[PDB]
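Undergrad: This is the structure I want to talk about, given as structure tokens.
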Amino acid sequence: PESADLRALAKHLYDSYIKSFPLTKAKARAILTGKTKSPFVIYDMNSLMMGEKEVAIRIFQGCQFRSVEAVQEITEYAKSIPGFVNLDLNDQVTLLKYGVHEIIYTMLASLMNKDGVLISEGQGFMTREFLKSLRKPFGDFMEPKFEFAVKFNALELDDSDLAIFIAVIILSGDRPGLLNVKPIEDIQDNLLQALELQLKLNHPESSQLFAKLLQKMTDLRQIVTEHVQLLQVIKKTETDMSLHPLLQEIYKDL
Amino acid sequence: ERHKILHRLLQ
Ligand SMILES: CCCCc1nc(C)c(Cc2nc(C(C)(C)C)no2)c(=O)n1Cc1ccc(-c2ccccc2-c2noc(=O)[nH]2)cc1
């Protein structure tokens, strides 16, 4: 291992992260803290109608479009991680299949404070209470994300940090179905090393930021798991629930 | 394989 390469990798990943995800933590936080006329607050059924077939199904059918596009962008990110393009195309699929939603919820955290979540690329703000007030099991989709986002946002990671942490999540050599995990671990071990260095310089006063961040990686796996389970309860009930084929492609056998 | 959209998104 060489510090120059590890730092080259950090900077490489950051520039590629900038060039791949139009929505960064820096833009989301600038909106959330008012330093950026202003997002439209959605806190009830009526101002949801003013914000612009049941309401709960409708609040979430629109999000699919951004999910699909996040799958597109995460994929253009994974193609920039040194070594990924040469892995067996089958492992490339599996790494995106399991990685994509862990990274989405990592990025969704930037959009969240304890009180709510930015919507429509920050043109709206939908309150947590309102999401909590929805019916069926619909009003339990977002509350686990808020509890995570509050704890995760407390790490004070920035877009430099996130680029590498997200790359580490993609290069997870323990997902079901990888063909040979050996080259995946060599990439990730090295990514983990850039992270440790990255966090040690960017945050010299957060003693064990590295350990606390590794433990959030497992939190992200449980969020996806519960989320996938809630989807199963809906598919048994809501006839009005359809899913984009890319998302349906990802959720099957997950 | 059976993820054909993702397969296509990669090349
Ligand atoms: C209305 C609340 C807004 C929260 C939200 N906003 C968006 C924009 C996305 C997608 C997405 N954000 C991003 C970035 C910007 C890069 C972070 N990139 O992408 C997102 O995920 N969430 C969480 C969420 C949870 C639950 C269901 C849901 C609820 C009930 C039934 C089905 C589903 C569902 N439909 O498809 C799924 O996977 N679950 C949908 C979505």
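Residue numbering restarts at 1 in every chain; chains get A, B, ... in the order shown in the structure tokens, and ligands count up from 1 in that same order.
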Could you build a table of the residues in chain A lying no more than 6 Å from ligand 1, giving for each the nearest pair of atoms and their separation in Å rounded to one decimal place, using only C-alpha atoms and all ligand atoms, ordered by chain and ascending residue number, as JSON lines?

TA:
```
{"residue": "A:59", "atom": "CA", "partner": "ligand 1", "partner_atom_place_in_ligand_line": "1 (C)", "distance": 5.1}
{"residue": "A:60", "atom": "CA", "partner": "ligand 1", "partner_atom_place_in_ligand_line": "40 (C)", "distance": 4.9}
{"residue": "A:63", "atom": "CA", "partner": "ligand 1", "partner_atom_place_in_ligand_line": "8 (C)", "distance": 4.5}
{"residue": "A:64", "atom": "CA", "partner": "ligand 1", "partner_atom_place_in_ligand_line": "36 (O)", "distance": 5.1}
{"residue": "A:66", "atom": "CA", "partner": "ligand 1", "partner_atom_place_in_ligand_line": "19 (O)", "distance": 4.5}
{"residue": "A:67", "atom": "CA", "partner": "ligand 1", "partner_atom_place_in_ligand_line": "19 (O)", "distance": 3.4}
{"residue": "A:70", "atom": "CA", "partner": "ligand 1", "partner_atom_place_in_ligand_line": "18 (N)", "distance": 4.6}
{"residue": "A:104", "atom": "CA", "partner": "ligand 1", "partner_atom_place_in_ligand_line": "17 (C)", "distance": 5.0}
{"residue": "A:107", "atom": "CA", "partner": "ligand 1", "partner_atom_place_in_ligand_line": "17 (C)", "distance": 4.3}
{"residue": "A:108", "atom": "CA", "partner": "ligand 1", "partner_atom_place_in_ligand_line": "17 (C)", "distance": 3.5}
{"residue": "A:138", "atom": "CA", "partner": "ligand 1", "partner_atom_place_in_ligand_line": "30 (C)", "distance": 5.7}
{"residue": "A:141", "atom": "CA", "partner": "ligand 1", "partner_atom_place_in_ligand_line": "26 (C)", "distance": 5.1}
{"residue": "A:142", "atom": "CA", "partner": "ligand 1", "partner_atom_place_in_ligand_line": "25 (C)", "distance": 5.5}
```

Undergrad: Please identify all residues of chain A having at least one atom at most 9 Å from any atom of chain B, considering only C-alpha atoms, and return them as a VMD selection string.

TA: chain A and resid 71 to 72 75 to 76 79 85 89 to 90 92 to 93 96 to 97 245 to 246 249 to 250

Undergrad: Save the residues we just selected, N, CA and C atoms, as a PDB file, in the first residue's frame?

TA:
```
ATOM      1  N   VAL A  71     -30.123   4.026 -10.027  1.00  0.00           N
ATOM      2  CA  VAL A  71     -29.481   2.791 -10.451  1.00  0.00           C
ATOM      3  C   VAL A  71     -28.586   3.053 -11.652  1.00  0.00           C
ATOM      4  N   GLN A  72     -29.008   3.952 -12.551  1.00  0.00           N
ATOM      5  CA  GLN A  72     -28.174   4.320 -13.696  1.00  0.00           C
ATOM      6  C   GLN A  72     -26.878   4.987 -13.247  1.00  0.00           C
ATOM      7  N   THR A  75     -24.394   2.832 -11.332  1.00  0.00           N
ATOM      8  CA  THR A  75     -23.717   1.945 -12.284  1.00  0.00           C
ATOM      9  C   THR A  75     -22.577   2.656 -13.008  1.00  0.00           C
ATOM     10  N   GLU A  76     -22.785   3.917 -13.403  1.00  0.00           N
ATOM     11  CA  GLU A  76     -21.697   4.715 -13.955  1.00  0.00           C
ATOM     12  C   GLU A  76     -20.652   5.046 -12.898  1.00  0.00           C
ATOM     13  N   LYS A  79     -18.518   1.662 -12.551  1.00  0.00           N
ATOM     14  CA  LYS A  79     -17.640   1.513 -13.706  1.00  0.00           C
ATOM     15  C   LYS A  79     -16.372   2.343 -13.589  1.00  0.00           C
ATOM     16  N   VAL A  85     -14.620  -2.940 -13.689  1.00  0.00           N
ATOM     17  CA  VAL A  85     -14.946  -3.259 -15.075  1.00  0.00           C
ATOM     18  C   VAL A  85     -14.354  -4.591 -15.521  1.00  0.00           C
ATOM     19  N   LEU A  89     -18.540 -10.097 -15.327  1.00  0.00           N
ATOM     20  CA  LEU A  89     -19.770  -9.339 -15.537  1.00  0.00           C
ATOM     21  C   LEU A  89     -20.905  -9.839 -14.652  1.00  0.00           C
ATOM     22  N   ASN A  90     -20.891 -11.138 -14.334  1.00  0.00           N
ATOM     23  CA  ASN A  90     -21.883 -11.694 -13.419  1.00  0.00           C
ATOM     24  C   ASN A  90     -21.716 -11.132 -12.012  1.00  0.00           C
ATOM     25  N   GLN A  92     -20.399  -8.222 -11.418  1.00  0.00           N
ATOM     26  CA  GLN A  92     -20.794  -6.824 -11.552  1.00  0.00           C
ATOM     27  C   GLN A  92     -22.291  -6.649 -11.341  1.00  0.00           C
ATOM     28  N   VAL A  93     -23.085  -7.591 -11.851  1.00  0.00           N
ATOM     29  CA  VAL A  93     -24.528  -7.547 -11.655  1.00  0.00           C
ATOM     30  C   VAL A  93     -24.860  -7.727 -10.182  1.00  0.00           C
ATOM     31  N   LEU A  96     -24.076  -4.734  -8.009  1.00  0.00           N
ATOM     32  CA  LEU A  96     -25.089  -3.695  -8.117  1.00  0.00           C
ATOM     33  C   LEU A  96     -26.440  -4.152  -7.564  1.00  0.00           C
ATOM     34  N   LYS A  97     -26.835  -5.398  -7.819  1.00  0.00           N
ATOM     35  CA  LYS A  97     -28.117  -5.905  -7.327  1.00  0.00           C
ATOM     36  C   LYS A  97     -28.261  -5.716  -5.821  1.00  0.00           C
ATOM     37  N   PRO A 245     -39.789  -2.135 -14.088  1.00  0.00           N
ATOM     38  CA  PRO A 245     -39.135  -3.435 -14.301  1.00  0.00           C
ATOM     39  C   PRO A 245     -37.695  -3.483 -13.844  1.00  0.00           C
ATOM     40  N   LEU A 246     -36.987  -2.352 -13.797  1.00  0.00           N
ATOM     41  CA  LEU A 246     -35.614  -2.388 -13.305  1.00  0.00           C
ATOM     42  C   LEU A 246     -35.593  -2.682 -11.810  1.00  0.00           C
ATOM     43  N   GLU A 249     -36.614  -6.064 -11.402  1.00  0.00           N
ATOM     44  CA  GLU A 249     -35.457  -6.885 -11.748  1.00  0.00           C
ATOM     45  C   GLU A 249     -34.513  -7.030 -10.562  1.00  0.00           C
ATOM     46  N   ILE A 250     -34.374  -5.975  -9.763  1.00  0.00           N
ATOM     47  CA  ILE A 250     -33.433  -6.010  -8.647  1.00  0.00           C
ATOM     48  C   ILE A 250     -34.023  -6.756  -7.455  1.00  0.00           C
TER      49      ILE A 250
END
```

Undergrad: In terms of the shortest atom-to-atom distance over only C-alpha atoms, which of A:184, A:4, A:199, A:179 is closest to residue 211 (chain A)?

TA: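 Closest candidate: A:199.
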
Undergrad: Among region 177-226 of chain A, which residues carry a DSSP assignment of alpha helix (DSSP H), reported as number ranges by chain?

TA: A: 182-202, 209-226

Undergrad: Using N, CA, C and O atoms, can you export the residues from the last selection as a compact mmCIF listing (two decimals), in the first residue's frame?

TA:
```txt
# COMPACT_ATOMS: atom_id res chain seq x y z
N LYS A 182 -12.46 -13.56 -4.42
CA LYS A 182 -11.09 -13.15 -4.13
C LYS A 182 -10.74 -11.80 -4.72
O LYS A 182 -10.30 -10.92 -3.96
N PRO A 183 -10.91 -11.54 -6.02
CA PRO A 183 -10.56 -10.21 -6.54
C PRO A 183 -11.45 -9.10 -6.00
O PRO A 183 -11.01 -7.94 -5.96
N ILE A 184 -12.67 -9.41 -5.58
CA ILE A 184 -13.54 -8.40 -4.99
C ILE A 184 -12.98 -7.93 -3.65
O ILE A 184 -13.07 -6.74 -3.31
N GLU A 185 -12.40 -8.84 -2.86
CA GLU A 185 -11.86 -8.43 -1.58
C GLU A 185 -10.58 -7.64 -1.75
O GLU A 185 -10.30 -6.73 -0.95
N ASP A 186 -9.77 -7.96 -2.76
CA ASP A 186 -8.55 -7.20 -2.97
C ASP A 186 -8.89 -5.75 -3.27
O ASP A 186 -8.28 -4.83 -2.70
N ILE A 187 -9.90 -5.52 -4.11
CA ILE A 187 -10.35 -4.16 -4.38
C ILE A 187 -10.86 -3.50 -3.10
O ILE A 187 -10.48 -2.37 -2.77
N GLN A 188 -11.74 -4.18 -2.36
CA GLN A 188 -12.36 -3.55 -1.19
C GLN A 188 -11.35 -3.27 -0.09
O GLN A 188 -11.39 -2.19 0.53
N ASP A 189 -10.49 -4.25 0.22
CA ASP A 189 -9.46 -4.01 1.22
C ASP A 189 -8.73 -2.70 0.95
O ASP A 189 -8.55 -1.86 1.84
N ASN A 190 -8.37 -2.49 -0.32
CA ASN A 190 -7.67 -1.27 -0.72
C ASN A 190 -8.57 -0.05 -0.57
O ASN A 190 -8.13 1.01 -0.10
N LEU A 191 -9.84 -0.17 -0.96
CA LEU A 191 -10.81 0.90 -0.73
C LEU A 191 -10.95 1.22 0.75
O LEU A 191 -10.96 2.39 1.14
N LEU A 192 -11.07 0.18 1.59
CA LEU A 192 -11.11 0.40 3.04
C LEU A 192 -9.88 1.16 3.52
O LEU A 192 -9.97 1.94 4.48
N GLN A 193 -8.72 0.93 2.89
CA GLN A 193 -7.51 1.61 3.32
C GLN A 193 -7.54 3.08 2.95
O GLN A 193 -7.09 3.93 3.73
N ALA A 194 -8.02 3.40 1.75
CA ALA A 194 -8.20 4.79 1.38
C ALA A 194 -9.18 5.47 2.32
O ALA A 194 -8.93 6.58 2.80
N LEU A 195 -10.29 4.79 2.64
CA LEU A 195 -11.24 5.31 3.61
C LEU A 195 -10.56 5.69 4.92
O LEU A 195 -10.69 6.82 5.39
N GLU A 196 -9.86 4.73 5.54
CA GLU A 196 -9.24 4.97 6.84
C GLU A 196 -8.34 6.19 6.80
O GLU A 196 -8.43 7.08 7.66
N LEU A 197 -7.47 6.25 5.79
CA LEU A 197 -6.67 7.44 5.55
C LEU A 197 -7.57 8.65 5.29
O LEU A 197 -7.38 9.72 5.88
N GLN A 198 -8.57 8.48 4.42
CA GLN A 198 -9.45 9.59 4.09
C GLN A 198 -10.08 10.16 5.36
O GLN A 198 -10.01 11.37 5.61
N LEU A 199 -10.66 9.29 6.19
CA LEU A 199 -11.30 9.76 7.41
C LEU A 199 -10.29 10.27 8.41
O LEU A 199 -10.59 11.19 9.18
N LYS A 200 -9.08 9.71 8.44
CA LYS A 200 -8.11 10.19 9.41
C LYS A 200 -7.66 11.61 9.11
O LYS A 200 -7.43 12.39 10.04
N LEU A 201 -7.54 11.99 7.83
CA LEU A 201 -7.12 13.36 7.52
C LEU A 201 -8.29 14.33 7.57
O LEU A 201 -8.22 15.37 8.23
N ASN A 202 -9.37 14.01 6.87
CA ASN A 202 -10.55 14.88 6.83
C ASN A 202 -11.15 15.09 8.21
O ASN A 202 -11.75 16.13 8.47
N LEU A 209 -13.92 7.43 13.82
CA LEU A 209 -14.87 7.56 12.74
C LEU A 209 -14.87 6.32 11.87
O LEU A 209 -15.92 5.88 11.38
N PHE A 210 -13.69 5.72 11.68
CA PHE A 210 -13.61 4.57 10.79
C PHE A 210 -14.46 3.41 11.32
O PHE A 210 -15.27 2.83 10.58
N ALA A 211 -14.34 3.08 12.61
CA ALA A 211 -15.12 1.99 13.17
C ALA A 211 -16.61 2.29 13.12
O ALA A 211 -17.41 1.46 12.67
N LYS A 212 -17.01 3.49 13.57
CA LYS A 212 -18.43 3.85 13.55
C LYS A 212 -19.03 3.78 12.16
O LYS A 212 -20.22 3.49 12.01
N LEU A 213 -18.23 4.05 11.12
CA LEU A 213 -18.77 4.03 9.77
C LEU A 213 -18.94 2.61 9.26
O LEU A 213 -19.92 2.31 8.55
N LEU A 214 -18.01 1.72 9.64
CA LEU A 214 -18.13 0.31 9.27
C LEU A 214 -19.39 -0.32 9.86
O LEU A 214 -20.03 -1.16 9.23
N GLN A 215 -19.77 0.09 11.07
CA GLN A 215 -20.96 -0.45 11.69
C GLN A 215 -22.25 0.03 11.04
O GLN A 215 -23.28 -0.66 11.17
N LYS A 216 -22.23 1.18 10.34
CA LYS A 216 -23.40 1.64 9.60
C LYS A 216 -23.63 0.81 8.36
O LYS A 216 -24.76 0.70 7.89
N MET A 217 -22.56 0.22 7.81
CA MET A 217 -22.71 -0.67 6.66
C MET A 217 -23.66 -1.82 6.95
O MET A 217 -24.36 -2.28 6.04
N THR A 218 -23.69 -2.29 8.19
CA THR A 218 -24.58 -3.40 8.54
C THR A 218 -25.98 -2.90 8.81
O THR A 218 -26.95 -3.58 8.46
N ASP A 219 -26.12 -1.73 9.44
CA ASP A 219 -27.41 -1.05 9.49
C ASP A 219 -28.06 -0.94 8.11
O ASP A 219 -29.27 -1.16 7.97
N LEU A 220 -27.27 -0.60 7.08
CA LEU A 220 -27.85 -0.44 5.74
C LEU A 220 -28.41 -1.76 5.21
O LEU A 220 -29.39 -1.75 4.46
N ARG A 221 -27.80 -2.89 5.59
CA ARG A 221 -28.28 -4.19 5.12
C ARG A 221 -29.63 -4.53 5.74
O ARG A 221 -30.47 -5.16 5.09
N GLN A 222 -29.83 -4.14 7.00
CA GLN A 222 -31.09 -4.41 7.69
C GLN A 222 -32.22 -3.54 7.16
O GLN A 222 -33.37 -3.98 7.08
N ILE A 223 -31.90 -2.29 6.80
CA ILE A 223 -32.89 -1.40 6.23
C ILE A 223 -33.41 -1.97 4.92
O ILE A 223 -34.62 -2.02 4.68
N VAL A 224 -32.50 -2.43 4.06
CA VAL A 224 -32.92 -3.00 2.79
C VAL A 224 -33.79 -4.23 3.05
O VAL A 224 -34.83 -4.43 2.40
N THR A 225 -33.36 -5.05 4.01
CA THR A 225 -34.06 -6.28 4.34
C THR A 225 -35.49 -6.00 4.76
O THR A 225 -36.44 -6.54 4.19
N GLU A 226 -35.67 -5.14 5.76
CA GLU A 226 -37.01 -4.82 6.21
C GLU A 226 -37.83 -4.22 5.07
O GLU A 226 -38.99 -4.61 4.86
```

Undergrad: Counting only C-alpha atoms, figure out which residue out of A:120, A:86, A:207, A:133 gets nearest to residue 43 (chain A).

TA: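 Closest to residue 43 (chain A) of all the choices is A:133.
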